[PDB]
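First comes one chain, alone, set out as structure tokens in the form deposited in one PDB entry.
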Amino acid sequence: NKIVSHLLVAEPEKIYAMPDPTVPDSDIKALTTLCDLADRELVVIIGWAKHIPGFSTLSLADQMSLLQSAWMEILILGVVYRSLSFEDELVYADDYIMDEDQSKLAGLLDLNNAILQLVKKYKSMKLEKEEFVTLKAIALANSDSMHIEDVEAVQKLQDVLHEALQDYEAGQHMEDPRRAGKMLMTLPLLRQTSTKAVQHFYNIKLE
């Protein structure tokens, strides 16, 4: 499926977190490290969104609305995929892998354990890189914003990406004719973790 190939080649290069080595470890350092990593990931996510077919043909407002509603889900799906080959550890970056102790010290134990629940499920499903890049595009298109202008166009985008997933799964996993549906059913947990994380992100006043 062409869309998948396209998403695969438009996939952004790895970003380093570069935690400040002179700063003592604390919950503030973790939050600062993560706060700066996401900022840079966000800039790249925008450049990546423009590669999704049909996306840059939406109005500017509609483009913002989607990103503004899906940014956290996308950042979270990334750390999750980077962590599939690990155990009880989240790889925010190659130079910033958080274990349970660091999560506790960061006051993110509950949140990270929820991100680990997502990872646990995808490991079980043997989530391929192709499904990762597509699910990420879908999460953006299906972000459920309230301020979309052209609802038809956004639903259109949703459909072309959904079709790519369905098509990919139809040819790569003939052994499971319901894989695509299983993949779509992992989205609720993603939405759930994302909204809870966004909540925390505001309680902390990050901005």
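Heads up: residue numbers just count along the shown sequence, starting at 1. For the two forms, the rigid core is made up of the largest set of C-alpha atoms that agree within 1.5 Å on superposition.
What follows is about the form deposited in another entry, which we do not show.
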property	result
Conformational change between the shown form and the other one, one of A10, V198, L189, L184, C-alpha moving 2 Å or more after core fit	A10
Threshold 2 Å Cα movement between the shown form and the other one for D20, core superposed	yes
Inter-Cα distance between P12 and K156 in the other form, nearer or further [3 Å or more]	farther
Relative Cα spacing, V9 and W48, in the other form - shift of 3 Å or more	closer
